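Chains as they are written, first to last, in the authors' numbering: chain D, 1 to 123; chain C, 4 to 339; chain B, 4 to 339; chain A, 5 to 339. All residues carry an ideal CB built from backbone N, CA and C; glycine is no exception. Notes follow once the structure below has been shown.
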Ligand SMILES: [Cu+2]
Ligand SMILES: [Cu+2]
Ligand SMILES: [Cu+2]
Ligand SMILES: [Cu+2]
Ligand SMILES: [Cu+2]
Ligand SMILES: [Cu+2]
Ligand SMILES: [Cu+2]
Ligand SMILES: [Gd]
Ligand SMILES: [Gd]
Ligand SMILES: [Gd]
Ligand SMILES: [Gd]
Ligand SMILES: [Gd]
Ligand SMILES: [Gd]
Ligand SMILES: [Gd]
Ligand SMILES: [Gd]
Ligand SMILES: [Gd]
């Protein structure tokens, strides 16, 4: 099935956000990213996607449909606003093997704080 | 100059102070070109702006709105080490209008919490200019939050009028004006939050109205009055730099005037003279020099009377000295 | 000058007229410095501002918004006896931007109903300036109510361009612009009150919106049109002084242009030239000099088209003379 | 004399669409000449926002802002305007650079199915804004996008304040336009069938003195992305900007106005070293700057809100070699 995500300049958690920021899906599902405001895109973060999944990067302002195949956790960012915290976590299948690794990886402090919130309060 | 030539120039570290005061500096350059070094940590916290306890999540360079005024001469290179502490939650960046290349330094200074960088640019044009953070996609928000100040690159030989005479000031103050946009609830009371991002959507709605709920100087209504009222004595010359990095203002010293005022904030451009009220366009800092001739309390504020008395754009300078009747005298005091 | 010297200078009483006209005066000063004497009684009354009958409790110096334009030369002292009749109900005060000391004379002219004073100040700088009442705590209200005008201190040698050539105007008109803020009821209709105090809270609310319901010249929409439209003829040089003591405007003569325009309203500051639309910042009065070359009806108004046609900032000057095809000619009139 | 005016050479010039400019020489070639230009007005609906917002535009030459006509001082501009029968509103043109007849508006009122020809002598040098202004509906026709700007350059080209000649390799004209689109009770922009159907609702928005969108070229993002201007290090470029009914404050992010005739008049000395200038509603200015660093630079109304939230921000892509002397990242962003 399909899960729709919006990219906004301002939302529930503050400025520059993906809503929802926690996406639960299964292999074969699609995630459709819709920039409701301009200036946003979606890009997989290096070493924060599962082992055999392909990297991806959409163009700014375009609607992008991601098909997810490999199970595991994926942290995606908005390229321009990553440093301002704009990320989302996609969890494919149950108990994603790489989730603790992604939570521990090096990333901006603001990113880390939002990630922690979404895993607690968004799961 | 080549990299080798720049590496052999003398470097001078400068300690910045908090507005409206400026750090120590000589009008006339002492020596040739030198790489001036200044460091400012950004602190996003909550500052009260009025007596009603209104609060704005300020993003402040050096912990003060507006950031501190850096002062170097033309030709000297300003090297600024910025640091965004892990305690913050948003990535910033600094774009100095007085620089050339990389969106004013914003394209090479994006640093997220826990990151610091160092950018050095040559000050090739003389004049006050406004610097301000502008992260791609959230520029207006960071500037309105109080993330902007101004630097003054003074001519190697100091300042001079339009004919070439030297104008030297005994005191210089920097008043950064800031127009905020605070969200209110249904009853009209300002709303307060707990984090900076929680007030982003509500703030944008107010910013679109192009109508600031408060326009003040130094980050708060009544900030430069009382214990902060500037000071000057009859016979003293004072240069008052003023900057607005998100709104046009019109400075006016009540009881005095801008003898010489570089409205455009560019020294090469001749300074208007005998000015009652000047005009500085959003995104620009100017400067006015005036020699006080009468003692007493004078208010200095954005003429928009509404913006200066109802919003909060009015400061006050206390001046000491002897009154001069020749200039003004009450022949008949108010009576029946 | 010492008191004995000032006391020995010739005094000249001048009868003021009502805008847009200006009292008789000589461009070039006749004789040395002289204490000019002017007296104005303030009258808070009700005046209509539009054709619908909207009424605003105006505070008017000399019974006219904007007050009358006083004219003296640089060096001469302006002595003004102000009188606040007992019939009025609020204390006023006058602050002349062209004076130095005591908040422009507002700190030494606070007079409550039934009191009058006399303040004398030396006109030390040449240029048009805006005066306006400003009682501590209620400044913006008194100015928006129409309590402000402008005085012109002309260089002892008359006015000259930016290179030294003499510019002599055949006639001069003073157009004071005033942005009001009238409260409206639920039906969107303007509200009327009995006394000036009953409209204070509702007005403040409108003033905070920084959006004037009516911006006009002479105190009312259409005040300088019809039989009141200014007049000029081809080959006539006319200087139009304009002031705004509470809002930035941008003058523009439709069909003409400001040959020489001291936008800042300071004579020492060289006058721009060939200007299509100038800019005078709230809290300041400027001056534009232009020699008419074509006959017909021209509208002079704040370019903000909305402010000039929808609010009421547009006057009209009728000009007599012969058309000049060389400058403009309809080769093909509107046809199929 | 009359014979002299009738003997001057007439030359027709094809106009391009903003921000480009037609073909012309800085220094005048030959003596005074009657320049002839023809523009048809087209009233149509154009989108001006990524949400499909639409504004019944009134456009001279089919483009907001109209095209920039360029002649020299002394030359006479003769413009044949044409209002097609398909249109439904009478227009007219008033050029600030002309003298007499409300700037030509009193002798150019043409209703659908009518065209005229008005000639005026360009007696003053400097950029100036032209705009339609039918008696009683001026503000509506201008806000609808019926305004542009013409540049009358000194016969000897442009020079600084000391007489030095300033010759630009390229020139672009960015007309800014503040619209006022009516929204329903839910905050959604409203669309209409014809131009008059939105006259009362638009006036209400215009009274607020708060434009719902302020942009350049007639649409948010019209001069950004693949349509971003262009310039190379060492290139001198003059950027004329006009605002027929709203004050703006231009600013080239990453650069500066080396010489800027803020008032848009050449006779008036050009300020210099300007970070942000100021052009008052009803006036067009011009800034000349030599690019020294390559990369993408944004140029927009400083009112940040008006430049990022409304749509007043374009971008110039510049090619060349970076110059560390001017600016260098000693320590790139890192822990
Ligand atoms: Cu984004
Ligand atoms: Cu920031
Ligand atoms: Cu800026
Ligand atoms: Cu009063
Ligand atoms: Cu004042
Ligand atoms: Cu039209
Ligand atoms: Cu106009
Ligand atoms: Gd403080
Ligand atoms: Gd002291
Ligand atoms: Gd006394
Ligand atoms: Gd009257
Ligand atoms: Gd007559
Ligand atoms: Gd005829
Ligand atoms: Gd296009
Ligand atoms: Gd090219
Ligand atoms: Gd490097």
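Three-state secondary structure (DSSP) of residue i
| i | result |
| --- | --- |
| residue 56 (chain D) | coil |
| residue 80 (chain A) | strand |
| residue 183 (chain C) | strand |
| residue 227 (chain C) | coil |
| residue 15 (chain C) | strand |
| residue 331 (chain B) | strand |
| residue 7 (chain A) | helix |
Residue i CB to nearest heavy atom of ligand 9 below 7 Å
| i | result |
| --- | --- |
| residue 323 (chain C) | no |
| residue 234 (chain C) | yes |
beta-carbon residue i near ligand 6 non-hydrogen atom, thresh 7 Å
| i | result |
| --- | --- |
| residue 145 (chain C) | no |
| residue 100 (chain A) | no |
| residue 150 (chain A) | yes |
Distance, residue j Cα to residue i Cα
| i | j | result |
| --- | --- | --- |
| residue 116 (chain A) | residue 193 (chain A) | 29 Å |
| residue 49 (chain C) | residue 85 (chain D) | 20 Å |
| residue 326 (chain B) | residue 309 (chain C) | 46 Å |
| residue 183 (chain C) | residue 151 (chain A) | 33 Å |
| residue 322 (chain C) | residue 8 (chain B) | 28 Å |
| residue 35 (chain A) | residue 12 (chain A) | 8 Å |
| residue 302 (chain A) | residue 122 (chain C) | 20 Å |
| residue 217 (chain B) | residue 285 (chain B) | 16 Å |
| residue 163 (chain A) | residue 272 (chain B) | 22 Å |
| residue 230 (chain C) | residue 306 (chain B) | 43 Å |
| residue 172 (chain C) | residue 27 (chain C) | 13 Å |
Residue i versus the options, residue with shortest Cα-Cα distance
| i | options | result |
| --- | --- | --- |
| residue 92 (chain D) | D:39, D:30 and D:17 | D:30 |
| residue 88 (chain A) | A:71, A:60 and A:45 | A:45 |
| residue 328 (chain A) | C:275, C:112 and C:124 | C:124 |
| residue 101 (chain A) | A:121, A:111, A:126 and A:333 | A:126 |
| residue 145 (chain C) | C:290, C:34, C:223 and C:68 | C:68 |
| residue 179 (chain A) | A:21, A:5, A:38 and A:8 | A:21 |
| residue 64 (chain A) | A:109, A:233 and A:86 | A:86 |
| residue 268 (chain B) | B:155, B:4 and B:185 | B:155 |
| residue 137 (chain A) | A:158, A:43 and A:249 | A:249 |
| residue 119 (chain C) | C:168, C:42 and C:79 | C:42 |
Proximity test, residue i beta-carbon vs ligand 3 heavy atom, cut-off 7 Å
| i | result |
| --- | --- |
| residue 167 (chain C) | no |
| residue 289 (chain C) | no |
| residue 286 (chain C) | yes |
Cβ-heavy atom distance, residue i to ligand 5, below 7 Å
| i | result |
| --- | --- |
| residue 248 (chain B) | yes |
| residue 260 (chain C) | no |
Residue i beta carbon near ligand 1 (any heavy atom closer than 7 Å)
| i | result |
| --- | --- |
| residue 80 (chain D) | yes |
| residue 11 (chain D) | no |
| residue 39 (chain D) | yes |
| residue 16 (chain D) | yes |
Ligand 7 heavy atom lying under 7 Å from the CB of residue i
| i | result |
| --- | --- |
| residue 66 (chain A) | no |
Any non-hydrogen atom of ligand 4 closer than 7 Å to residue i Cβ
| i | result |
| --- | --- |
| residue 138 (chain B) | yes |
Proximity test, residue i beta-carbon vs ligand 2 heavy atom, cut-off 7 Å
| i | result |
| --- | --- |
| residue 217 (chain A) | no |
Using a Cβ-Cβ cutoff of 8 Å, what residues of the region 230 to 263 of chain A are near chain C? List them in chain order.
Along the region 230 to 263 of chain A, going in chain order, the ones with a CB nearer than 8 Å to a CB of chain C are 251, 253, 255, 257, 258, 259 and 260.
Quick one: which residues of the region 303 to 315 of chain C get their C-beta closer than 7 Å to a C-beta of chain B? List them in chain order.
Listed by position along the chain: 306, 307, 308, 309, 312 and 313.
Chain A contacts from the region 200 to 226 of chain C (Cβ-Cβ distance under 9 Å):
The region 200 to 226 of chain C vs chain A, Cβ under 9 Å: 207, 210, 211, 212, 213 and 214.
With 9 Å as the limit, tell me which residues of the region 98 to 117 of chain A have their beta carbon closer than that to any beta carbon of chain B; keep them in chain order.
Listed in sequence order: 98, 100, 101, 102, 103, 104, 105, 106, 107, 108, 109, 110, 111, 112, 113, 114, 115 and 117.
Tell me which residues of the region 276 to 293 of chain C have at least one Cβ-Cβ distance to chain B shorter than 8 Å, keeping chain order.
Residues 276, 277, 278, 279, 280, 281 and 282.
To be precise: take each residue of the region 58 to 80 of chain D, compare its Cβ to all Cβ atoms of chain A, and keep it if any distance is under 8 Å. Which residues remain?
Of all residues in the region 58 to 80 of chain D, those with a C-beta nearer than 8 Å to a C-beta of chain A are 61, reading in chain order.
When you check each C-beta in the region 35 to 59 of chain D against every C-beta of chain A, which residues fall closer than 8 Å?
The region 35 to 59 of chain D vs chain A, Cβ under 8 Å: 38.
Chain A contacts from the region 64 to 90 of chain C (Cβ-Cβ distance under 8 Å):
Cβ contacts with chain A: 82 and 84.
Please name the residues in the region 37 to 66 of chain C whose beta-carbon is closer than 8 Å to at least one beta-carbon of chain D, in chain order.
Cβ contacts with chain D come from no residue of the region 37 to 66 of chain C.
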